[PDB]
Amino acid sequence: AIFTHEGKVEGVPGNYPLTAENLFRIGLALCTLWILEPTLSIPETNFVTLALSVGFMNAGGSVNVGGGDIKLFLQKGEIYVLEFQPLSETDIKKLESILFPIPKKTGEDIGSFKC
């Protein structure tokens, strides 16, 4: 599954649910969930946070590292454990319904990224 019962998305970077494709869609849906521009704050730049960022931007949201509408907490250990704030069990259900064709923006409608 994408989200644990505790409400987190975890795994080994590169393996589902942390594939570039799925992380990209998680990001698309997160921005969409907030629109239906939004801003995501990530703690660091790595494969996982960046794949999530590209999707968030593709949907018209902007991301920064240092904090906006949604903030990502990440703990890198045996596995990666991601937590979004704020995201209730309701937000998570809304998300799950979107992920399971999420529209995308193009050209200048695409969000930005700031280191």
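Just count from 1 along the sequence shown to find any residue number.
Novice: I'd like the number of residues from the deposited sequence that lie between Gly77 and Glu78 yet are not in the model, binned as none, 1 to 3, 4 to 9, or 10 or more.
Specialist: Gap between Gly77 and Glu78: none.
Novice: If you count the residues of the deposited sequence that sit between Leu36 and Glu37 but have no coordinates, do you get none, 1 to 3, 4 to 9, or 10 or more?
Specialist: The entry has 4 to 9 unmodelled residues between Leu36 and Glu37.
Novice: Determine, for stretches 27-35 and 77-85, which one has the higher mean CA B-factor as deposited.
Specialist: The stretch with the larger mean CA B-factor is 27-35.
Novice: Look up the CA B-factors in the entry and say which stretch, 14-22 or 101-109, has the higher mean.
Specialist: Stretch with the greater average CA B-factor: 101-109.
Novice: Based on the entry's values, in what third of the chain does the Cα temperature factor of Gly67 lie: lowest, middle or highest?
Specialist: As the PDB entry reports it, the C-alpha B-factor of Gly67 lands in the highest third of its chain.
Novice: If you rank every modelled residue in this chain by C-alpha B factor, which third holds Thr45: lowest, middle or highest?
Specialist: Tercile = lowest for this residue's CA B-factor.
Novice: Relative to the other modelled residues in the chain, which third contains the C-alpha temperature factor of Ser53: lowest, middle or highest?
Specialist: Lowest third - that is where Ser53 ends up once the chain's C-alpha B-factors are sorted.
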